Every structure is written in C-alpha cells, then in structure tokens.
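Engineer: Quick one: experimental structure and sequence below.
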Amino acid sequence: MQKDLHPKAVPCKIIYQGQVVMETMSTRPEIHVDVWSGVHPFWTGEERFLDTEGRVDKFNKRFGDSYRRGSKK
Amino acid sequence: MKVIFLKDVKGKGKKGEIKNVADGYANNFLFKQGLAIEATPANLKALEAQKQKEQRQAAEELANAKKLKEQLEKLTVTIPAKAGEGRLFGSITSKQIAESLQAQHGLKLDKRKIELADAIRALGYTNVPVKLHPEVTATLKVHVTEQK
RNA sequence: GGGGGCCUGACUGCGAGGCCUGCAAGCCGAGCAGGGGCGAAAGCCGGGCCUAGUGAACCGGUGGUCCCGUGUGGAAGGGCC
RNA sequence: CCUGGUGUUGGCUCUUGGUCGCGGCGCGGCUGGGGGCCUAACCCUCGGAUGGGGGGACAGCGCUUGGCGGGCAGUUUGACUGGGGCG
RNA sequence: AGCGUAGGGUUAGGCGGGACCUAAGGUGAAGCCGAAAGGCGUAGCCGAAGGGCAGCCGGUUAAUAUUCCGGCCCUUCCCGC
RNA sequence: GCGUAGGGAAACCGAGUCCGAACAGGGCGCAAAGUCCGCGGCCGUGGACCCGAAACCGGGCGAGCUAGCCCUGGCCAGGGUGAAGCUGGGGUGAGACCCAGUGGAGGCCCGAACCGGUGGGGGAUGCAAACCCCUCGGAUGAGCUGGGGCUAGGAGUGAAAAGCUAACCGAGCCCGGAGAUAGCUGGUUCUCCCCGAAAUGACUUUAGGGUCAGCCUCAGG
RNA sequence: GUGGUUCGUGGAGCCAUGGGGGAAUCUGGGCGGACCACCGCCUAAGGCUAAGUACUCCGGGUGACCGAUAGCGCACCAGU
RNA sequence: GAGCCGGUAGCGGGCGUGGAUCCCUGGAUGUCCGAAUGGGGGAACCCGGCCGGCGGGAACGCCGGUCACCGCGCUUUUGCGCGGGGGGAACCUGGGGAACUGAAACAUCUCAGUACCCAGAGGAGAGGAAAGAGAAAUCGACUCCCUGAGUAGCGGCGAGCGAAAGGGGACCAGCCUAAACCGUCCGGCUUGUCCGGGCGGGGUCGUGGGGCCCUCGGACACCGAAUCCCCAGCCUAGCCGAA
RNA sequence: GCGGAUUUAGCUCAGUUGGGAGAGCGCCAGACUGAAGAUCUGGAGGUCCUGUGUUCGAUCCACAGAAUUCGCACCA
C-alpha cells in the first residue's frame, strides 16, 4: 500500500468502455469496449512525527495540508 | 479563498483585508511565505479580538483626554516669574509649561502640545489653546506675573 | 376494347362462406350498417381484364388517442390508431 | 502515441477579437486570442553540503476529448456444386 | 561377482573446504515506486580449482594414506623474560 | 398455490364481453368440477445414454535440454607460406622508389588431438529413439572448452528455417475451469408377444442435421 | 466517468465512488424512483454488539452403504 | 487389580498386591531444521560478545549456561515493559479477477463475480438499532429457513438472467463516542477570551444535548463481557451388574 | 431525407442607399493584315431561379418550393 493518499483512499476500479450512441434522440444504442483501468490524483511533500514527508494527493491534500489531522508541516 | 491578509494587497495594509487570493495560488505564495493566514475561526476571532482591543484603546484614551479635559478647562494657570512692567526677562516657554502646573498643580501633561507661536512674556492673563487630545484639547487660561 | 358527361367507394365498421396450405402467408366474396356517386330508374362502385410491381417481429419517427402514468396533481415515459 | 478543456499550474506587464448595453468612434460588464524575465509548485540540476544553478507553470503527472492505431486480442470470410475452387 | 549374510576397513597445525577477499550475480537496515502478493537496491554480507595461505620422501595391513611409522623441513597464536 | 367465470393493451365490465357505433363476427357462457399423492412413457435445467480429439483460459513448474548473454580458468602435437617494420647497399637535392638481409603478421595454407557431422556404406523389433564404417570441412579463431551464474516459456532467445527452449514447442509442461462443447465416430446389455415404418414435401450460413406435414403405435368415443 | 441493484445506456432513481466545483446545523438536511407542487417517512458524512444460518480436520451415533479390480486410490514395515 | 519390560513370537536377564503393566490430567526434561529472529547459509550445517564451572588443566586451561532479529505501543528520559507475525482439509468476508460453452456463427450476453490467486478475521466470520421499508397515516435491528415468485421486470426483448416490501418461522436486544456548550486544566501563542490534549457534563436509539430560572426528587433497572462456588459437561480408565 | 452554403448575360462572376441592370470573357463587328493572330474602337449580352406578398418603387425585404453542393444524421 504505497500509492494512495494517507488522508483517505481513492485508488482503483475503473470499468470504462466506449460505443456508438444515437438513442432517445431517435433509434437505439450499441455496445463495445470491455476494459478496465485506473483513476486517481497526485502527491506533495510534507512531514510528521520526526520527518516522513507524506504524499497523498490533491483534494485531501488541500485539506490536512492546510490543517493536519495526524501530522502537520 | 479566505485570505486573512497581514500586510500587502498593494502593500502591507494588514487591516481587515481578506481577499480571494485564490486556491493554492494565494495559498502557497502568500502565507507559505508568511504573511497572515486563512479563516481559521480562531483568527476570524483573532482579527475581531484585537479590533475590539483597539476599540478600548481609543474610547478609553478618549476617557483619558476627557477627564483632565473638564477638570482642566475650569481652574486657573498661574506662573509668576520676574520681569519689569510687561515683559519677563526670560520670556515664558510651554517648557516652563509642564514643569510647573505638573509638579505643582499636579497632573502630568506633555510639552509638545499647547499651541504656542513662540515664547510669550507679556505676563499675566494670556490664554493658550493647548492641544490635549487629537480631536479634543484644552484652550485654558494662563495668568503669569513677575511676582516682582 | 375507342369517346363524352358528371363523379372518386383508388370507403370506414365488417364479412356468411370457400379456394391453395405442414407455417405463416397468399387469395375470393354475396350480404348487413353509416356515408356518398352514376342512372328516371332495375342496378353497378369497397381502384384497375387478370396471374409478377415483394417481406416476419422486433429497433426506432411523426399526425390522432386523451387507455397507463410507478405517494395523489401532472409530465418524462408507455400502451392503442 | 498526438490532442483540445481541467487540476496541485503562482506573479508582473505588453495586446487584439467577440458580445450585448449606453459601416461608428467614446464607454461600459462581459469573454475570447495571445508576448514577454520573472517564480515562490513542479522537475530537473549539480558541481565537492541541505545552497547555488537550469527549465518553469513545462511539464511530468489525474481526470474527461478526440485521433491515429494489425503493434497486438477476439470473431468472421453462406448454399448450391451430377469432386472443391473459377464459372 | 562390482549377487547374499556377517565382520572389518578409510585418523592430518602444515593436502583440499571453512574459521580471509571481492567482479558478474544474489541478498540486502536505510531510500525509492505496486491494488495486495511485490519491484528495484546503497553500504555491509553471501559467492569460486579467480586472489591468498605454513612440508617432503621412504616404510607399514585384508582394505587407508601428503594423515599410521620414522627420518628430514616448517607456521600462527599465547605467557614469560 | 393450482381449480371457483372469463373477456380485454388498458380503463374496466362481467356469465357477458372486446372492434365499433353496430345488433355482422373473435374469445367465452353452457358447471361435467378438480385436486393432492403414488407409481410410469416423456419434456426443460442439469456432466446427464457412456468414453472420444485438435484447442482456449488461470496458477505454478524448468538453461545440470538447448539458444544466448555476464563473470572466471583451462586448451589448440608438428610443420609451411613469408606483408608492416628495422639493418645495410642502390643513379637524384633530400626523396620517391628499387634490391638484398633480417623479420615474423594472417579469422592464411598442409595436417593430430579437438570442433563437424556434406558424399557413399551398414544398421531399421539396431549397440543406439542418431549410433558404427569408409570419406570430408575447420585447424590462434565471429576458435573449442570446464566451472560459476542471467534471462523463460504469447514470453524468451534466435549470424533467423518458425529454428531451440529437459529427446514430436507454428506458441512448453503439471495441477485447475472441467466429466469444456463435440450435427461426426464408435459403443449401446435377459427372454417373449402384437402390429407394422420412411429413404418424399415445405423453410432453413439448411443441406450426411432438424422444424412442420406425410407414412407407425397404444387409450377412449 | 464506472459499480452494485431485476435495470444491458435506457423516461432510469436510491446507495457506493474515479476527477472538478465545494451547502445548510431543526421552519436544517436526504428520501417515497426524470422533474414540480403538496403530503408522508427519516434524521446520515465515527464506533461495539453474543444468539438464530455455513463448514467438517477432529470424537461419537446410525445405514433398503460397500466387500477386496467395490469402498477413500491406499484394511495395515503405501501417498511408500 | 494382580500381571509385565511395546508390534517380536527368540536368546540373556529382571519389577512387582509395606496399591507393578497400563487408563487420566497436570509436570520437568524437549538434541538439530523449520516463521527462525544472534550472525551466515546449497534447512536439518558452520560462525561471533557476557556470565559461567573455574574445568584433565597428572608437573597443564573447556564445554555448559547464556545472550542479543525485526516491524508494534509508548514513562518520552539512555526509551524500559506489552502485542505480532507462521500455520491450517472445508467454510467466511474484503482486494483483484477469465476464456471455454450456451446464444445451434459471433463482437452485445451467458457461464460469474464462477474457477483461480492475494490479504486477512474467526471459531465462526458476514452483517447489525435505519438519511430503512413502503403507502392500509401501515411497518420497524441485522441474519437465516419457507413463501412471495420462476411472478413485478432486465434484454441483438434472442439465449437466458430473474428482485423486494408484505405473511408464516428460528432468534431476540441493546449500547456508545468527536460529538466545544459547561466547567477542569496541561502545553503553547505569547496574558487573555487562540489552537491544543488528558477529567467529567452530555457522552442523542426512533430528536435531542447544554446553559439559566421555579416543580425535582429523597432504594430492586444487572451485560457482550466482570464474578462465586452451583448441576461446573466433557476430559480415559469409573463399576456393580437377573437367571 | 438533418443542418449549413448559394440562385444575375453564352461562360465565370461583381452588385449595400430599395430608384442606373453592371464587369470580365469571353463572343460579334470596325480599324490594321497579304490574310488570320496580337493591339486599339465599339457592340450586344437578361425569365436578376419561380410565385405571391411588402413598398410610391424590388436583383435587394418577407413567405414555399426547387436545384446544386458540403458535412451528418442511419438497429425497421
């Protein structure tokens, strides 16, 4: 576990898949894709209880970063 | 962005100047730097605490320039030095101002105040519009004399 | 089958009762009612002289309904034409 | 892999376009294009320490857009047929 | 019989392996990234007929032998002076 | 929960009802009423009449096979050919440049071990799942090699034919999806009674399948 | 932009979230399936909670369950 | 309760009713490997500090005991004292997650959220007092069995997939904390009125909590544990036992 | 068939003040040439896509069609 936020999780899942609409606005739709991928934020440098730096991403990051709910800066 | 000012915005005016500096923008560059902070109820109290403290330091000093005020604008101003038949031999300075009335008459008062063109001398009754408090002062009476 | 007179039934609601037929189709049809057209009228008219000009059901559009409308008032949406 | 908008991607100034209001110009809110050292993210940099240096709002990189895309993955490519095919 | 049962045989401060060294490589506190299992990986360590290290000739049993005999040649550690 | 009305898309009506504005038809009324169970011939889901393949997909398993690559040693009996050079001499200014001596290179020649395996011979339930015989190429080099390891099996490696990857890789092998599907193929058991088949027609990515008909059989009228 | 749900893009909600904006503290704030009025329900964005169902390595009981090619493959110097 | 030194029946020798063999339960030894953990390593081997006898040291000096891995709290001081990890047939939830095959092709779909892999909890986990369900102003935890229902319904409306409230049944069952309001303080800024964390208030079940003013009111209400022996059930042998 | 682009002389096209129908050609002719070509002169060139409407007056403004053209929409 080394790709999340610290101040909460947000990684994983992701069942994408494209098609060729054309519905309600007349006739019916169609299907295709069948893949799976990722989806997340980014991480910055901080620190806690003797150095540590942290990581976690935006959102959250905007938070605790501002504040700090287990270790500040 | 609840930017809690602390100096600039054009300069330094750290006077009730909350300005949507904007996201990390105003966030990182302004206070990471060290120049105020964010809402933080604590402060949003901090500013008012101390805007209220300032509020005591004015009306008070208002009550401090209103007590000597009336008590002062009623009684006399006697200082009989020497002289001939007009004027003194060593004029009369608002310097010799303080010294007396104070020590003697009592209550401490400045000597940068009192609106003096120069060092009178004409002895006796000659009033002096003395600037006491920024808005309210004391145009008191001054009766000198060459006690001879 | 060739002209001319006005006229459009080149109808809706239906159809007794048969042709061909493993399916679904395909095809015919007096007569009944509403409403016309043609004739004085007895009658013919529900396109063509015919037998080819073709297509399931679903997937949807649209003009009509005012049948359903997911707490009741409605509408999205749906059923029926 | 290329690509528009969006994010932790902050400042300072130079500018032309639209628009509606009061061919026009004056103004006005609106909002669009863009040019600049910087620079505090970011990254990189190092070169002897944590500072300096270089780049710098890039980009890496996250989210949606769109595009190319046999590199690969999965299916498919009828019947008749006096042999299968071509016909 | 290199087949069966029974008994017996191979001893080393100096020969070889370790009690020394590292390249590949493998590990791997710190450090760096993964959905989890994991990936990498500094220093240090593992890693060999590569480096390094102090002996040889004869005798002697049913088998061993630079080890057992004996004659000759050495090395490292320790205590004393 | 099936029967106790059903008719309709529905509202809803109801032994009546939907189409409709018409007494013309569709469904039904008319009770004939089931229902539970048992035992059976069958039909669907099931691995499901029984074994049969080539393959796909998951997780492991291996370079003591072999192709490579890194590290570190070992190894090529003899002989032959005679370039750079350096020594000396040679007509010109020095030289080019010639010749003679020395000299010893080259994936160089002739050949053992060693590496190979065309060209013929044997062998074909062999000595052997590649070997024996005669013969041949390479023979200091993209040389042969031991020991230590690295990569890996939809991925590796490959002086590259789809080769080699533990003796048949056109995509390894074991366990798992799983008893995969399998109009095709077989296989498909004790007696006896009764009757007695089709090998046509219609539509099919259907033609060596199968739907519906046609021809069988048993129960009642 | 995906999930789960009976919902396979749909008139399609609730709850759960990948990115971006980023409200309210009881006349607040979701909900009763697009939405809207009115009614009716509920009060989130922290936590603990035996019992009622599942499973046989183990021990027992019982068999219209088997007899050494059947039963677990293996009834006894077998996962050898 | 009177025989035994295990399956070995054989040789040679021996313990025993001043309760042997063996049946139980709690013990002390438990050599080396294995999470291994002192250090290294091709497991079951080879290497190091402290104490240790002192030991043959015949007129000459060693095994034994020991000890110490690393991630977890945190009495922080120089950190002393607690937990973990490895298993485990089957079953459990999460994390991740597929083709065959059906659709008589096959791209949607199916097999399925199945098979497998991973992590981890337990003896059971899962889940669990409702921004729930639905609409008779009706119901109330979660779970599980029957039923609802192969219905309402999803869909190249094709193969298939296919809910739930309500009723019957097993069980019952309820509680907490931030939740800055109050006061307590402890530490900061720097003295006020800021954030901070330990103590209580309250620490919400089905709307309340505080803070103020008057009525209050002045003993049976135990949970998931906590506790005592109780029948502690079992734990193997308990022993009589009709003719 | 969903949307945009337009409609003037034989060809290609201008045409915005709602009042003149215009340009180029190209085409025809004259001049010139031995002729034709090249140059100079000149001329013609008409359903301003149709109809109706607005207007004192319509190429121009308003209302359908049409046609050409480009993109797009495609599970009967």
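Structural biologist: Happy to help now that I have it. Residues are numbered from 1 along each chain as shown, chains lettered A, B, ... in the order given.

Engineer: Spit out the contact partners of the closest residue to residue A:8 other than its chain neighbours.
Structural biologist: The shortest distance from residue A:8 to any non-neighbouring residue, by CB to CB, 6 or more residues apart in numbering or on different chains, is to residue A:60 (5.3 Å). In this view, the C-beta of every residue, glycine as well, is placed from N, C-alpha and C. The neighbours of residue A:60, taking CB atoms under 8 Å, 6 or more residues apart in numbering or on different chains as the test, are A:5-8, A:10, A:41.

Engineer: Backbone dihedrals for residue A:60, please?
Structural biologist: When read as degrees, to the nearest 10, the backbone of residue A:60 gives phi 20, psi -60.

Engineer: ok so, going back, ok, the contacts of residue A:60 vs RNA strand C, which is closest?
Structural biologist: residue A:10 (33.9 Å; CB to the nearest atom of the strand).

Engineer: what about the helices in chain A?
Structural biologist: For chain A, the helices defined by DSSP state H cover A:62-65.

Engineer: Tell me the residues of it that contact RNA strand H?
Structural biologist: A:12-13, A:28, A:31-32, A:34, A:36 (CB under 7 Å from any atom of the strand).

Engineer: Strands along the chain, start to end?
Structural biologist: As the question left the chain open, I've gone with chain A. Applying DSSP state E to chain A gives no strands.

Engineer: My question was about chain B, not that one.
Structural biologist: For chain B, the strands defined by DSSP E cover B:78-79, B:128-130, B:138-140, B:143-144.

Engineer: Looking at the ones you listed, spot the one closest to RNA strand D.
Structural biologist: Closest to RNA strand D of the strands of chain B, according to CB to the nearest atom of the strand: strand B:128-130, at 46.8 Å.

Engineer: Can you list the neighbours in contact with the closest one?
Structural biologist: Residues from elsewhere that reach strand B:128-130, judged by CB under 8 Å, 6+ apart: B:77, B:94, B:113-116, B:120, B:137-140, B:142.

Engineer: and chain B, which residues reach RNA strand G?
Structural biologist: Counting by CB under 7 Å from any atom of the strand, chain B sits next to RNA strand G at residue B:23.

Engineer: list the contacts for the nearest residue to residue A:13 once chain neighbours are set aside?
Structural biologist: Nearest in space to residue A:13, with sequence neighbours left out and distances taken as CB to CB, 6+ apart, is residue A:39 at 7.3 Å. Going by CB under 8 Å, 6+ apart, residue A:39 touches A:11-14.

Engineer: For residue B:11, state which of those is nearest.
Structural biologist: Of all these, residue B:11 sits closest to residue A:11, with 45.6 Å by CB to CB.

Engineer: do stretch B:29-42 and RNA strand H meet?
Structural biologist: Yes - applying CB under 7 Å from any atom of the strand, one finds stretch B:29-42 touching RNA strand H at B:40-42.
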